[PDB]
Amino acid sequence: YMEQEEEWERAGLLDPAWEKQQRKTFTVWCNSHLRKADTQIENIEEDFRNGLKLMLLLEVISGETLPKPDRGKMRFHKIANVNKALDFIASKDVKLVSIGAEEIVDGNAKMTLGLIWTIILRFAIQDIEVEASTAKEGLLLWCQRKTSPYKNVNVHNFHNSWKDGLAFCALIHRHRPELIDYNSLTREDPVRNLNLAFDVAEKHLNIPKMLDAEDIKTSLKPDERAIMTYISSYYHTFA
């Protein structure tokens with residue numbers, strides 16, 4: 037009973053601020069891959085309902101070919117396409133704990149964001165191996181190692197450790213010192229630091245601006261899934 041709401045709490049999906057952060061961040065992440073297939077989404081709670089761009093997203097990030105999709109106005113075609121997506125994901129050793137094609141075709145916001153996170157996790161994070169840690173803990177360890185020389189960075193988590201922008205700027209500076217005047221930065225202007233990292237990463241590293249500095253600024257504890265999504269692109273660009 038209320039198993040789904042317990043999982044949604046931990047997913048961040050009951051908090052509307054975290055839901056909004058995931059909606060915005062996940063849309064940019066999906067488009068950072070769909071661009072390679074010359075298309076895009078606009079509204080993540082509408083534009084996957086027929087399964088077509090979901091299947092395409094999975095082909096791009098996996099390099100594999102999925103079965104041919106159906107087309108037709110009628111719902112059962114959309115259900116079939118979403119099920120082809122879900123089958124492909126499950127085939128990569130993913131436990132789809134209560135994600136059904138019907139809710140995706142229905143455009144249920146929480147299930148759709150949960151599904152996109154499942155995809156980000158499996159394909160962008162799960163295989164990360166850093167020392168003896170894997171997946172999310174490996175990604176966090178990478179961040180801790182790469183930012184260890186910076187005295188004004190202390191990465192403990194994927195939320196408030198990232199709020200003042202210095203950790204993002206440090207990750208960039210550690211790989212490319214010529215792009216960031218790191219010593220000029222301080223904790224006093226977090227929005228400046230955040231936007232610096234986001235602008236530099238978009239310009240020089242081809243990493244789109246998945247995070248909104250204003251959403252981070254106003255949150256005492258920003259959404260972990262959104263921040264992990266963005267940092268996963270840092271990881272795969274440098275490592």
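So for the sequence shown, PDB author numbering puts the first residue at 37; every next one is plus one.
For each residue, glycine too, the CB sits at the ideal point set by N, CA and C.
#### Entry: Span separating the alpha-carbon of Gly201 from that of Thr265
16 Å
### Query
Does DSSP put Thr170 in a helix, a strand or coil?
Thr170: strand per DSSP, three-state reduction.
### Task
Pull up the distance between the alpha-carbon of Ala160 and that of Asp225, whole angstroms please.
31 Å
### Task
Would you mind reading off the limits of the alpha helix (DSSP H) that contains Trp44?
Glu39 to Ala47
### Query
Is the CB-CB distance between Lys89 and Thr101 below 8 Å?
no
### Query
Would you report the Cα separation of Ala203 and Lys60, rounded to the nearest angstrom?
Across the structure, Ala203 and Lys60 are spaced so that their CA atoms are roughly 21 Å apart.
### For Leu232, the first and last residue of its enclosing alpha helix (DSSP H)
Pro226 to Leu241
### Query
Taking Cβ to Cβ, would you say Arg158 is nearer than 8 Å to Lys128?
yes
### Query
Measuring CB to CB, does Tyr37 end up less than 8 Å from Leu175?
no
### Query
At a cut of 8 Å, does the region 254-263 reach the region 228-244 through at least three beta carbon pairs?
no
### Task
Would you grab the beta carbon distance between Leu92 and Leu122 for me? Rounded to a whole angstrom, and I think it's under 8 Å.
Between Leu122 and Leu92 the Cβ distance is about 15 Å, and since that is not below 8 Å, they are no contact.
### Query
Thinking C-alpha only, which one of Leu177, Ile152, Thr170 and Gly143 is nearest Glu81?
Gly143
### Message
If the criterion is Cβ atoms closer than 8 Å, does the pair residue 8 and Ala47 meet it?
### Response
Residue 8 falls outside the range modelled here, since the chain spans only 37 to 275, and no answer is possible.
### Message
Can you tell me whether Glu165 is helix, strand or coil according to DSSP?
### Response
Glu165 falls in the strand class under three-state DSSP.
### Query
Would DSSP call residue 12 helix, strand or coil?
A query on residue 12 cannot be resolved here, the shown segment of the chain reaching from 37 to 275 and no further.
### Task
Figure out for me which residue from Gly108, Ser98 and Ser197 has the closest Cα to the Cα of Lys253.
Checked all of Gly108, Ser98 and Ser197; the closest Cα to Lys253 is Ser197.
### Message
Quick check: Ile156 and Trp65, are their CB atoms within less than 8 Å of each other?
### Response
Annotated as proximal: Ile156 and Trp65, with beta-carbon spacing under 8 Å.
### Task
Can you tell me the Cβ-Cβ gap for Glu138 and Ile115, rounded? I've got them flagged as a contact below 8 Å.
The distance from the Cβ of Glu138 to that of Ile115 is about 7 Å, consistent with a contact at the 8 Å cut-off.
### Message
On the CB-based measure, 16 or more other CB atoms within 10 Å of its CB, does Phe112 come out buried or exposed?
### Response
exposed
### Message
Just verifying my parser: in three-state terms, what is the DSSP assignment at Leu247?
### Response
DSSP places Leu247 in coil when its eight states are reduced to three.
### Task
Kindly indicate the opening and closing residues of the alpha helix (DSSP H) around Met110.
Counting along the chain, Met110 falls outside any alpha helix (DSSP H), and DSSP gives it neither H nor E.
### Message
I'd like the list of long-range same chain contacts for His209, defined as Cβ closer than 6 Å, with 5 residues on each side in sequence excluded.
### Response
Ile216 and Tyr218
### Query
Just to confirm, are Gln40 and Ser169 a CB contact at a threshold of 8 Å?
no
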